[PDB]
Amino acid sequence: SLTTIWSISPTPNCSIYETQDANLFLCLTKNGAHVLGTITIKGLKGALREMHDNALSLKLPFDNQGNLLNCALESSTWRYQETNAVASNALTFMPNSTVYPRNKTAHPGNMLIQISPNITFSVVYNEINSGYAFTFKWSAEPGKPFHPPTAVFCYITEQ
Amino acid sequence: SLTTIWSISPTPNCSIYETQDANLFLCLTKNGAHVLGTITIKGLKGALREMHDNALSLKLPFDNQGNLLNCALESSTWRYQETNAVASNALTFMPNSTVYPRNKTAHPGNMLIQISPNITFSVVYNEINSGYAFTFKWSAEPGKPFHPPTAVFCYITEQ
Amino acid sequence: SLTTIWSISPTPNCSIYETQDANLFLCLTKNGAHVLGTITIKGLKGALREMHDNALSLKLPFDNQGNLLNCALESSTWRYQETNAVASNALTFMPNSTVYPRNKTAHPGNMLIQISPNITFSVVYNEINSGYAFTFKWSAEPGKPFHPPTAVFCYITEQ
């Protein structure tokens, strides 16, 4: 049915260190049992303009029905693109809990999304005690603004 | 019509060195002329728990109608996800024989799917005298269990 | 509706240094707000068989309706795969102008599509004053034929 969920927002819609300090643009498109994801995060305010830490994480938790729970992402921006309705009950976009069991250690590695200077990215699925989750991690360069390159990722969905 | 073929199995469904020594989870999703593939292979028994060789291949051969022929993968696990019927006559999931002519040498390279330690992966299409095929190759670390990271790949399908 | 645009051609359909000196096979498939692209370019004549430069670009410009404008690609080969009609008015395949504003500097990096020897690839969206565009760039090895490995890329489309 509905193919696309995204978090597009012209204004800040993500809170990492303080309220609305970042823009998060995550887009998920479903093609059968696969979702193709792209994620772009832009640091806009505070330490995100001059990093102290050398890594940053973002967790998006969902209930067992596929609803986004309170987290760093402004929920009002998490919408079905086609209808512009909030992305409620998106079970068939959730990472498959048989393929990615809750709290299973992910294969020990990550992805280079840039070189010179190097930036790494990883996504871990269902690191959560109930429901579903995405946990994203990026490297960061201390003293510099946080704005990693876009990352692409693919996973198997719940049926 | 049908969008997804996969080989999901809770039990071993692949025979590399001996009967049912591995689990193979290959998932193909069709979006027009492209298929998006993910493949995860887990070594479970025998030398797959303590490798001798430093590379391993898996060939999936198909007839000219898109039916899986006898091979290392348990055919009863190769199913259309949506209907849970065996994946018979999947011609429009086959690697395009104009784009990938039978027995054409593939571009001389491969993909790093892990570093520290390094693991490489490649897929070659239609290395077969009749019909269609996928030939997958992974590096392996001697003395260690075989369980490479998941690989993602994309190809153009038959019409 | 229509899912696939491609430039498949048995004969040369691209003009880099001289008329019809290359074959370009670009395939775009739309899955909601994402397009999955693959691109393969083969140098066939002239300096493309023995390169002088160490990099080569290809720009595909489109009007505001999603029609291909005069460029290096033979327009008669740019077709909807499903109908075999020319790919006219393909607005919903165009790179989103909110996500990729015209003439916005792209994240400063590129992709390795081969090692030993190394080959890099990049795609920049909407580097154009009106309408839409793709600008592709590959490295090349002086003294050798131009035939880089296939590249895969994903972008967000216009609505």
# chains A, B, ... in the order shown; residues from 1 in each chain; ligands from 1

call {"tool": "residues_around", "arguments": {"residues": "residue C:151", "least_positions_apart": "3", "cutoff": "10 Å", "atoms": "only C-alpha atoms", "output": "ChimeraX atom specification"}}
result
/B:154 /C:26,37-41,111-114,120-123,138,148

call {"tool": "calpha_fit_and_write", "arguments": {"fixed": "chain A", "moving": "chain C", "output": "short mmCIF file (atom, residue, chain, number, x, y, z; two decimals) with N, CA and C atoms, in the first residue's frame"}}
result
data_model
loop_
_atom_site.label_atom_id
_atom_site.label_comp_id
_atom_site.auth_asym_id
_atom_site.auth_seq_id
_atom_site.Cartn_x
_atom_site.Cartn_y
_atom_site.Cartn_z
N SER C 1 0.85 -1.24 0.00
CA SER C 1 0.00 0.00 0.00
C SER C 1 0.87 1.27 0.00
N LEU C 2 1.00 1.88 1.18
CA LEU C 2 1.91 3.00 1.43
C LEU C 2 3.35 2.52 1.31
N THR C 3 4.16 3.23 0.52
CA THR C 3 5.51 2.77 0.19
C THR C 3 6.61 3.50 0.97
N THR C 4 6.33 4.73 1.40
CA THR C 4 7.37 5.64 1.89
C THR C 4 7.04 6.25 3.25
N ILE C 5 8.00 6.17 4.17
CA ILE C 5 7.96 6.98 5.39
C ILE C 5 9.16 7.90 5.36
N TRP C 6 8.95 9.15 5.75
CA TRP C 6 10.10 10.03 5.87
C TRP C 6 9.95 11.06 6.98
N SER C 7 11.06 11.73 7.29
CA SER C 7 11.06 12.77 8.32
C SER C 7 11.44 14.13 7.78
N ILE C 8 11.03 14.42 6.55
CA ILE C 8 11.42 15.68 5.93
C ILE C 8 10.87 16.88 6.74
N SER C 9 11.72 17.88 6.91
CA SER C 9 11.37 19.07 7.66
C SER C 9 12.28 20.20 7.26
N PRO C 10 11.71 21.36 6.91
CA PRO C 10 12.58 22.50 6.61
C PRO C 10 13.28 23.05 7.85
N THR C 11 12.62 22.91 8.99
CA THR C 11 13.12 23.43 10.27
C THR C 11 13.70 22.28 11.11
N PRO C 12 14.48 22.61 12.17
CA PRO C 12 15.05 21.56 13.02
C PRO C 12 13.98 20.64 13.61
N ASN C 13 14.21 19.33 13.53
CA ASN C 13 13.24 18.35 13.99
C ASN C 13 13.88 17.25 14.82
N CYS C 14 15.05 17.53 15.37
CA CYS C 14 15.82 16.51 16.10
C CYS C 14 16.54 17.19 17.26
N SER C 15 16.59 16.50 18.39
CA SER C 15 17.20 17.03 19.61
C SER C 15 18.27 16.10 20.14
N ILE C 16 19.53 16.43 19.89
CA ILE C 16 20.67 15.57 20.28
C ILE C 16 21.22 15.97 21.64
N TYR C 17 21.64 17.23 21.76
CA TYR C 17 22.17 17.78 23.02
C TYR C 17 21.21 18.78 23.66
N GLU C 18 20.41 19.45 22.83
CA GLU C 18 19.43 20.41 23.29
C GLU C 18 18.27 20.41 22.32
N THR C 19 17.19 21.08 22.69
CA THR C 19 15.97 21.04 21.90
C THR C 19 16.19 21.57 20.48
N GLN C 20 15.80 20.77 19.50
CA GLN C 20 15.81 21.18 18.09
C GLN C 20 17.15 21.75 17.63
N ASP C 21 18.21 20.99 17.88
CA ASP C 21 19.55 21.38 17.49
C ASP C 21 20.02 20.75 16.19
N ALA C 22 19.18 19.89 15.60
CA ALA C 22 19.59 19.15 14.41
C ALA C 22 18.40 18.96 13.47
N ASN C 23 18.74 18.68 12.21
CA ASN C 23 17.75 18.24 11.25
C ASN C 23 18.03 16.81 10.86
N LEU C 24 17.02 15.95 10.99
CA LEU C 24 17.14 14.54 10.61
C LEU C 24 16.25 14.27 9.43
N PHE C 25 16.83 13.78 8.34
CA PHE C 25 16.05 13.35 7.18
C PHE C 25 16.30 11.86 6.92
N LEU C 26 15.41 11.06 7.47
CA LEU C 26 15.41 9.62 7.28
C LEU C 26 14.27 9.30 6.34
N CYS C 27 14.55 8.50 5.31
CA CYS C 27 13.53 8.09 4.35
C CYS C 27 13.61 6.57 4.17
N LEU C 28 12.49 5.90 4.38
CA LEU C 28 12.37 4.45 4.25
C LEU C 28 11.41 4.15 3.13
N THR C 29 11.82 3.32 2.18
CA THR C 29 10.90 2.86 1.15
C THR C 29 10.85 1.35 1.14
N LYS C 30 9.63 0.83 1.12
CA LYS C 30 9.39 -0.61 1.20
C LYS C 30 9.18 -1.20 -0.19
N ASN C 31 9.96 -2.24 -0.48
CA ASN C 31 9.84 -3.04 -1.69
C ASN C 31 9.76 -4.49 -1.25
N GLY C 32 8.54 -4.98 -1.05
CA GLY C 32 8.36 -6.30 -0.51
C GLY C 32 9.00 -6.39 0.85
N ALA C 33 9.75 -7.46 1.08
CA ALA C 33 10.40 -7.71 2.37
C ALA C 33 11.64 -6.85 2.64
N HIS C 34 12.07 -6.02 1.68
CA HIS C 34 13.19 -5.12 1.91
C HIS C 34 12.71 -3.69 2.11
N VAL C 35 13.37 -2.97 3.01
CA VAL C 35 13.33 -1.52 3.02
C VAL C 35 14.69 -1.00 2.60
N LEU C 36 14.67 0.01 1.74
CA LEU C 36 15.81 0.81 1.35
C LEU C 36 15.72 2.11 2.15
N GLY C 37 16.74 2.36 2.97
CA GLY C 37 16.80 3.55 3.79
C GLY C 37 17.90 4.48 3.40
N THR C 38 17.62 5.79 3.47
CA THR C 38 18.64 6.81 3.41
C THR C 38 18.51 7.70 4.64
N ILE C 39 19.64 8.13 5.18
CA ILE C 39 19.61 8.98 6.35
C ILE C 39 20.66 10.06 6.27
N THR C 40 20.20 11.29 6.49
CA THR C 40 21.05 12.47 6.48
C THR C 40 20.75 13.27 7.74
N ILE C 41 21.79 13.55 8.53
CA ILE C 41 21.62 14.33 9.74
C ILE C 41 22.54 15.55 9.68
N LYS C 42 21.99 16.71 10.03
CA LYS C 42 22.70 17.99 9.97
C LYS C 42 22.66 18.64 11.34
N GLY C 43 23.84 18.90 11.90
CA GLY C 43 23.95 19.59 13.18
C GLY C 43 23.84 21.10 12.96
N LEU C 44 23.00 21.76 13.75
CA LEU C 44 22.62 23.14 13.49
C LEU C 44 22.96 24.13 14.62
N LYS C 45 23.01 23.64 15.86
CA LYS C 45 23.13 24.51 17.04
C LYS C 45 24.04 23.89 18.08
N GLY C 46 24.63 24.73 18.93
CA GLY C 46 25.38 24.25 20.09
C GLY C 46 26.61 23.45 19.69
N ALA C 47 26.90 22.41 20.46
CA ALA C 47 28.11 21.62 20.22
C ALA C 47 28.10 20.92 18.87
N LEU C 48 26.93 20.79 18.26
CA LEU C 48 26.85 20.20 16.93
C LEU C 48 27.52 21.07 15.88
N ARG C 49 27.82 22.32 16.22
CA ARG C 49 28.58 23.20 15.31
C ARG C 49 30.09 23.19 15.57
N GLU C 50 30.48 22.60 16.70
CA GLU C 50 31.88 22.50 17.12
C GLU C 50 31.99 21.31 18.10
N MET C 51 32.10 20.12 17.54
CA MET C 51 31.96 18.88 18.33
C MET C 51 33.03 18.72 19.39
N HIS C 52 32.62 18.14 20.51
CA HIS C 52 33.52 17.74 21.58
C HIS C 52 33.80 16.26 21.50
N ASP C 53 32.74 15.46 21.41
CA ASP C 53 32.85 14.01 21.27
C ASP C 53 33.20 13.63 19.84
N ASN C 54 33.68 12.40 19.66
CA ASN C 54 34.07 11.91 18.34
C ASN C 54 33.10 10.87 17.79
N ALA C 55 31.93 10.78 18.42
CA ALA C 55 30.87 9.89 17.94
C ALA C 55 29.55 10.30 18.53
N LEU C 56 28.49 9.99 17.79
CA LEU C 56 27.15 10.41 18.12
C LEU C 56 26.19 9.30 17.70
N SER C 57 25.20 9.02 18.55
CA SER C 57 24.19 8.00 18.28
C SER C 57 22.79 8.62 18.25
N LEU C 58 21.91 7.95 17.53
CA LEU C 58 20.50 8.31 17.46
C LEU C 58 19.71 7.01 17.50
N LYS C 59 18.81 6.91 18.47
CA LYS C 59 17.93 5.75 18.58
C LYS C 59 16.49 6.13 18.30
N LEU C 60 15.86 5.39 17.39
CA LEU C 60 14.45 5.54 17.10
C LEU C 60 13.75 4.27 17.58
N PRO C 61 13.00 4.37 18.69
CA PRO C 61 12.25 3.24 19.24
C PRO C 61 10.81 3.21 18.75
N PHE C 62 10.28 2.00 18.56
CA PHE C 62 8.89 1.79 18.10
C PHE C 62 8.20 0.79 19.01
N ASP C 63 6.88 0.91 19.11
CA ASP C 63 6.10 -0.08 19.84
C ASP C 63 5.87 -1.32 18.96
N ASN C 64 5.17 -2.32 19.49
CA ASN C 64 5.00 -3.58 18.77
C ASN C 64 4.06 -3.46 17.57
N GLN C 65 3.40 -2.31 17.43
CA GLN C 65 2.52 -2.03 16.31
C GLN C 65 3.20 -1.21 15.22
N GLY C 66 4.43 -0.78 15.47
CA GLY C 66 5.15 0.04 14.49
C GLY C 66 4.94 1.53 14.65
N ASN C 67 4.58 1.97 15.85
CA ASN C 67 4.47 3.42 16.13
C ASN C 67 5.72 3.96 16.76
N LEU C 68 6.18 5.12 16.31
CA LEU C 68 7.34 5.79 16.87
C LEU C 68 7.02 6.25 18.30
N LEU C 69 7.92 5.90 19.23
CA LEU C 69 7.81 6.33 20.61
C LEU C 69 8.66 7.56 20.87
N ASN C 70 8.43 8.22 21.99
CA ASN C 70 9.12 9.46 22.29
C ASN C 70 10.62 9.26 22.18
N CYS C 71 11.27 10.16 21.46
CA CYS C 71 12.69 10.06 21.21
C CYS C 71 13.22 11.38 20.67
N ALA C 72 14.45 11.36 20.16
CA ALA C 72 15.11 12.59 19.71
C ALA C 72 14.45 13.21 18.48
N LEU C 73 13.73 12.41 17.70
CA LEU C 73 13.05 12.88 16.49
C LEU C 73 11.67 13.41 16.83
N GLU C 74 11.40 14.62 16.34
CA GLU C 74 10.07 15.23 16.45
C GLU C 74 9.03 14.32 15.77
N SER C 75 8.15 13.69 16.55
CA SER C 75 7.24 12.67 16.00
C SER C 75 6.30 13.23 14.93
N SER C 76 5.94 14.51 15.04
CA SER C 76 5.05 15.13 14.06
C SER C 76 5.65 15.20 12.67
N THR C 77 6.97 15.03 12.55
CA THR C 77 7.62 15.02 11.24
C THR C 77 7.79 13.62 10.66
N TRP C 78 7.42 12.59 11.41
CA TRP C 78 7.56 11.21 10.95
C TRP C 78 6.25 10.78 10.27
N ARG C 79 6.25 10.86 8.95
CA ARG C 79 5.00 10.81 8.18
C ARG C 79 5.08 9.88 6.97
N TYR C 80 3.94 9.30 6.61
CA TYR C 80 3.83 8.66 5.32
C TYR C 80 3.92 9.75 4.26
N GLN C 81 4.89 9.63 3.35
CA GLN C 81 5.08 10.66 2.34
C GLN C 81 3.86 10.80 1.43
N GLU C 82 3.26 9.67 1.07
CA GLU C 82 2.20 9.69 0.06
C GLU C 82 0.93 10.38 0.53
N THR C 83 0.59 10.21 1.80
CA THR C 83 -0.63 10.79 2.37
C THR C 83 -0.40 12.01 3.24
N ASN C 84 0.84 12.20 3.66
CA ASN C 84 1.24 13.20 4.64
C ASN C 84 0.56 13.03 6.01
N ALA C 85 0.08 11.82 6.27
CA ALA C 85 -0.42 11.43 7.60
C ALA C 85 0.77 10.96 8.45
N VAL C 86 0.67 11.10 9.78
CA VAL C 86 1.70 10.55 10.64
C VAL C 86 1.86 9.06 10.36
N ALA C 87 3.08 8.57 10.48
CA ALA C 87 3.40 7.18 10.14
C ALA C 87 3.02 6.22 11.26
N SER C 88 1.72 6.07 11.48
CA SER C 88 1.24 5.21 12.54
C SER C 88 1.15 3.76 12.06
N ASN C 89 1.31 2.83 12.99
CA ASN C 89 1.09 1.42 12.75
C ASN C 89 1.89 0.86 11.57
N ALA C 90 3.14 1.31 11.46
CA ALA C 90 3.99 0.92 10.32
C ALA C 90 4.72 -0.41 10.56
N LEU C 91 3.96 -1.43 10.95
CA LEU C 91 4.55 -2.72 11.31
C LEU C 91 5.38 -3.32 10.21
N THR C 92 4.92 -3.19 8.97
CA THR C 92 5.61 -3.82 7.85
C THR C 92 6.83 -3.04 7.37
N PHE C 93 7.14 -1.93 8.05
CA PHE C 93 8.41 -1.21 7.89
C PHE C 93 9.40 -1.54 9.01
N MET C 94 8.97 -2.30 10.02
CA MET C 94 9.84 -2.56 11.17
C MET C 94 10.87 -3.62 10.83
N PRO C 95 12.08 -3.53 11.43
CA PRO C 95 13.07 -4.59 11.22
C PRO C 95 12.57 -5.92 11.76
N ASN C 96 12.63 -6.94 10.91
CA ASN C 96 12.09 -8.27 11.21
C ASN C 96 12.70 -8.81 12.50
N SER C 97 11.85 -9.19 13.45
CA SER C 97 12.33 -9.63 14.75
C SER C 97 12.82 -11.07 14.77
N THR C 98 12.56 -11.81 13.71
CA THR C 98 13.15 -13.15 13.54
C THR C 98 14.56 -13.01 12.97
N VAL C 99 14.72 -12.13 11.98
CA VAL C 99 16.00 -11.88 11.36
C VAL C 99 16.94 -11.10 12.28
N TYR C 100 16.36 -10.12 12.99
CA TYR C 100 17.08 -9.27 13.93
C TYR C 100 16.40 -9.39 15.31
N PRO C 101 16.69 -10.48 16.05
CA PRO C 101 16.08 -10.64 17.37
C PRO C 101 16.44 -9.51 18.33
N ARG C 102 15.51 -9.18 19.22
CA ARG C 102 15.78 -8.10 20.17
C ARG C 102 17.06 -8.36 20.96
N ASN C 103 17.92 -7.35 21.02
CA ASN C 103 19.14 -7.36 21.80
C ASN C 103 20.22 -8.33 21.29
N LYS C 104 20.08 -8.81 20.05
CA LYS C 104 21.13 -9.62 19.44
C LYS C 104 22.28 -8.73 19.04
N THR C 105 23.49 -9.14 19.40
CA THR C 105 24.70 -8.44 18.97
C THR C 105 24.80 -8.44 17.45
N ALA C 106 25.03 -7.25 16.88
CA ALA C 106 25.14 -7.10 15.43
C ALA C 106 26.54 -7.49 14.99
N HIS C 107 26.67 -7.95 13.75
CA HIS C 107 27.98 -8.30 13.21
C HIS C 107 28.97 -7.17 13.54
N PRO C 108 30.14 -7.52 14.11
CA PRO C 108 31.12 -6.53 14.58
C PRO C 108 31.85 -5.81 13.45
N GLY C 109 31.21 -4.77 12.93
CA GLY C 109 31.80 -3.91 11.91
C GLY C 109 30.95 -2.67 11.66
N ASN C 110 31.43 -1.80 10.79
CA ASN C 110 30.68 -0.61 10.36
C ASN C 110 31.07 -0.18 8.94
N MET C 111 30.52 0.95 8.49
CA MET C 111 30.68 1.41 7.11
C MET C 111 31.42 2.74 7.07
N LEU C 112 32.39 2.87 6.16
CA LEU C 112 33.00 4.16 5.85
C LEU C 112 32.09 4.90 4.86
N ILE C 113 31.59 6.07 5.27
CA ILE C 113 30.75 6.90 4.40
C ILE C 113 31.52 8.12 3.86
N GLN C 114 32.77 8.27 4.30
CA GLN C 114 33.67 9.29 3.78
C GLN C 114 35.11 8.93 4.11
N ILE C 115 36.03 9.39 3.26
CA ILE C 115 37.46 9.33 3.55
C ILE C 115 38.06 10.72 3.35
N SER C 116 39.19 10.96 4.01
CA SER C 116 39.93 12.23 3.90
C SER C 116 39.07 13.48 4.19
N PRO C 117 38.60 13.63 5.45
CA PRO C 117 38.79 12.73 6.58
C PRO C 117 37.75 11.61 6.66
N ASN C 118 38.13 10.52 7.33
CA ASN C 118 37.27 9.34 7.44
C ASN C 118 36.07 9.56 8.37
N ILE C 119 34.91 9.09 7.90
CA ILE C 119 33.68 9.11 8.70
C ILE C 119 33.06 7.72 8.60
N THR C 120 32.72 7.13 9.75
CA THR C 120 32.07 5.81 9.78
C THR C 120 30.60 5.90 10.20
N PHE C 121 29.84 4.88 9.83
CA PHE C 121 28.40 4.83 10.10
C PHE C 121 28.02 3.40 10.38
N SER C 122 27.09 3.20 11.32
CA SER C 122 26.48 1.89 11.51
C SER C 122 25.02 2.03 11.89
N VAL C 123 24.26 0.99 11.57
CA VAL C 123 22.89 0.83 12.03
C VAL C 123 22.74 -0.54 12.67
N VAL C 124 22.16 -0.56 13.87
CA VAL C 124 21.86 -1.78 14.61
C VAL C 124 20.34 -1.85 14.75
N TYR C 125 19.77 -3.04 14.56
CA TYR C 125 18.32 -3.22 14.60
C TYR C 125 17.87 -3.88 15.90
N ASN C 126 16.77 -3.35 16.42
CA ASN C 126 16.07 -3.97 17.56
C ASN C 126 16.88 -4.13 18.83
N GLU C 127 17.75 -3.16 19.09
CA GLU C 127 18.47 -3.07 20.37
C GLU C 127 17.54 -2.40 21.37
N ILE C 128 16.58 -3.19 21.85
CA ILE C 128 15.46 -2.68 22.63
C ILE C 128 14.75 -3.88 23.28
N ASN C 129 14.16 -3.70 24.46
CA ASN C 129 13.57 -4.84 25.16
C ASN C 129 12.19 -5.24 24.68
N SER C 130 11.49 -4.31 24.04
CA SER C 130 10.13 -4.51 23.53
C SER C 130 10.02 -3.75 22.24
N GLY C 131 9.19 -4.25 21.33
CA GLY C 131 8.94 -3.56 20.06
C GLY C 131 10.15 -3.63 19.16
N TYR C 132 10.47 -2.51 18.53
CA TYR C 132 11.49 -2.45 17.47
C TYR C 132 12.33 -1.21 17.65
N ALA C 133 13.48 -1.17 16.99
CA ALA C 133 14.29 0.03 17.01
C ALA C 133 15.31 0.09 15.89
N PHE C 134 15.72 1.31 15.58
CA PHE C 134 16.94 1.57 14.82
C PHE C 134 17.89 2.30 15.75
N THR C 135 19.15 1.90 15.78
CA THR C 135 20.17 2.68 16.47
C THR C 135 21.26 3.01 15.47
N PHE C 136 21.38 4.29 15.18
CA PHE C 136 22.35 4.82 14.24
C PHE C 136 23.54 5.38 14.99
N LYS C 137 24.73 5.18 14.44
CA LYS C 137 25.93 5.76 15.03
C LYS C 137 26.82 6.35 13.94
N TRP C 138 27.32 7.55 14.16
CA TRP C 138 28.28 8.19 13.26
C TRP C 138 29.52 8.59 14.02
N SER C 139 30.66 8.53 13.35
CA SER C 139 31.83 9.21 13.89
C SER C 139 31.68 10.72 13.70
N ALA C 140 32.45 11.47 14.48
CA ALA C 140 32.47 12.92 14.40
C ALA C 140 33.90 13.43 14.58
N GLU C 141 34.17 14.60 14.03
CA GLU C 141 35.48 15.24 14.14
C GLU C 141 35.44 16.34 15.21
N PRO C 142 36.14 16.13 16.36
CA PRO C 142 36.13 17.18 17.37
C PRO C 142 36.59 18.54 16.83
N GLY C 143 35.90 19.59 17.26
CA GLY C 143 36.19 20.97 16.85
C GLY C 143 35.47 21.42 15.59
N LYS C 144 34.79 20.48 14.93
CA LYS C 144 34.12 20.76 13.65
C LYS C 144 32.61 20.53 13.74
N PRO C 145 31.85 21.15 12.83
CA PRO C 145 30.41 20.91 12.79
C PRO C 145 30.09 19.46 12.44
N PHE C 146 28.99 18.96 12.99
CA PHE C 146 28.53 17.62 12.69
C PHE C 146 27.62 17.65 11.47
N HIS C 147 28.09 17.10 10.35
CA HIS C 147 27.26 16.93 9.16
C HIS C 147 27.82 15.83 8.27
N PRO C 148 27.63 14.58 8.70
CA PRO C 148 28.14 13.44 7.96
C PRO C 148 27.46 13.29 6.60
N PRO C 149 28.13 12.58 5.67
CA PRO C 149 27.48 12.30 4.39
C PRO C 149 26.25 11.41 4.61
N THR C 150 25.32 11.48 3.66
CA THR C 150 24.19 10.59 3.63
C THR C 150 24.64 9.14 3.61
N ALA C 151 23.93 8.31 4.35
CA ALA C 151 24.16 6.88 4.38
C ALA C 151 22.96 6.13 3.81
N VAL C 152 23.24 5.05 3.10
CA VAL C 152 22.23 4.15 2.57
C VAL C 152 22.34 2.80 3.27
N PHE C 153 21.19 2.23 3.61
CA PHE C 153 21.17 0.95 4.27
C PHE C 153 19.96 0.18 3.83
N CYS C 154 19.98 -1.15 3.95
CA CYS C 154 18.85 -2.03 3.52
C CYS C 154 18.62 -3.05 4.67
N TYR C 155 17.37 -3.41 4.99
CA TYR C 155 17.04 -4.43 5.95
C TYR C 155 15.76 -5.17 5.55
N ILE C 156 15.55 -6.30 6.21
CA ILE C 156 14.40 -7.15 6.00
C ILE C 156 13.32 -6.75 6.99
N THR C 157 12.08 -6.62 6.51
CA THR C 157 10.98 -6.15 7.35
C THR C 157 10.18 -7.26 8.01
N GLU C 158 9.45 -6.90 9.07
CA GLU C 158 8.38 -7.74 9.60
C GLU C 158 7.32 -7.97 8.53
N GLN C 159 6.67 -9.13 8.59
CA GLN C 159 5.58 -9.49 7.66
C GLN C 159 4.23 -8.99 8.19
#

call {"tool": "select_by_dssp", "arguments": {"residues": "chain B", "states": "strand (DSSP E)", "output": "VMD selection string"}}
result
chain B and resid 4 to 6 22 to 31 34 to 43 55 to 62 79 to 80 111 to 114 119 to 125 132 to 139 151 to 156
